[PDB]
Amino acid sequence: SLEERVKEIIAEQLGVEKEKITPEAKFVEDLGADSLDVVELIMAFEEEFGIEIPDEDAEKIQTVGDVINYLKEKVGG
Ligand SMILES: [Cl-]
Ligand SMILES: [Zn+2]
Ligand SMILES: [Zn+2]
Ligand SMILES: [Zn+2]
Ligand SMILES: [Zn+2]
Ligand SMILES: [Zn+2]
Ligand SMILES: [Zn+2]
Ligand SMILES: [Zn+2]
């Protein structure tokens with residue numbers, strides 16, 4: 001599913017265990033993402049799902065849930 005694909009991208013990048021990759025988990029505060037990690041995650045989500053995440057929207061992506069909910073409104077699943 002889209003959800004699992006997103007979680008896998010996050011696990012690959014951060015080396016965090018999937019049990020912690022929940023919808024309300026903050027990339028920075030909960031998953032330990034540093035500034036480079038967040039830039040790389042956004043880049044990865046864009047390339048994987050063939051969409052763009054403009055800077056203004058990227059700044060508003062703080063949790064795993066934000067990414068999933070946003071993507072579900074941009075792709076079919
Ligand atoms: Cl999809
Ligand atoms: Zn993988
Ligand atoms: Zn486990
Ligand atoms: Zn937290
Ligand atoms: Zn890199
Ligand atoms: Zn890009
Ligand atoms: Zn972009
Ligand atoms: Zn916007």
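Residue indices begin at 1 and follow the sequence shown.
With contacts defined as side-chain heavy-atom distances shorter than 4.5 Å, the pair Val6/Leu2 qualifies. Two residues are said to be in side-chain contact when any heavy atoms from C-beta on lie closer than 4.5 Å; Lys74 and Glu52 fail this criterion. Side-chain contact between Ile10 and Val67: absent, with no pair of heavy atoms (C-beta onward) separated by less than 4.5 Å.
Rounding to the nearest 0.5 angstrom, the gap separating the CD atom in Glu19 from the NZ atom in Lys7 is 8.5 Å. Distance CD/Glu8 to CD/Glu12: 4.0 Å, rounded to 0.5 Å.
Among the candidates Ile21, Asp66, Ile61, the single residue satisfying the side chain to side chain contact (heavy atoms under 4.5 Å, CB included) test with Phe27 is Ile61.
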Which atom pairs, donor and acceptor, lie under 3.5 Å between side-chain atoms of residues 31-48 and protein residues at least two apart or in another chain?
from	atom 1	to	atom 2	distance (Å)
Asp34	OD1	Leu36	N	3.1
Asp34	OD1	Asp37	N	2.7
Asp37	OD1	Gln13	NE2	2.9
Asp37	OD2	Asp34	N	2.9
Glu40	OE1	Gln13	NE2	2.9
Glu46	OE2	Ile53	N	2.8
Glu48	OE2	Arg5	NH2	2.8

Item to check | CA sep, side-chain torsions, deciding dist, call: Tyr70, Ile51, side-chain contact (heavy atoms from CB on, under 4.5 Å) | outcome: CA-CA 11 Å; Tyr70 183 78; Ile51 62 140; 4.0 Å; yes
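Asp57 places no side-chain N or O within donor-acceptor distance of the main-chain N or O of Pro54, the cut-off being under 3.5 Å.
Screening residues 20-30 for salt bridge (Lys or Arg N to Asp or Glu O under 4.0 Å), with sequence neighbours left out, gives no hits.
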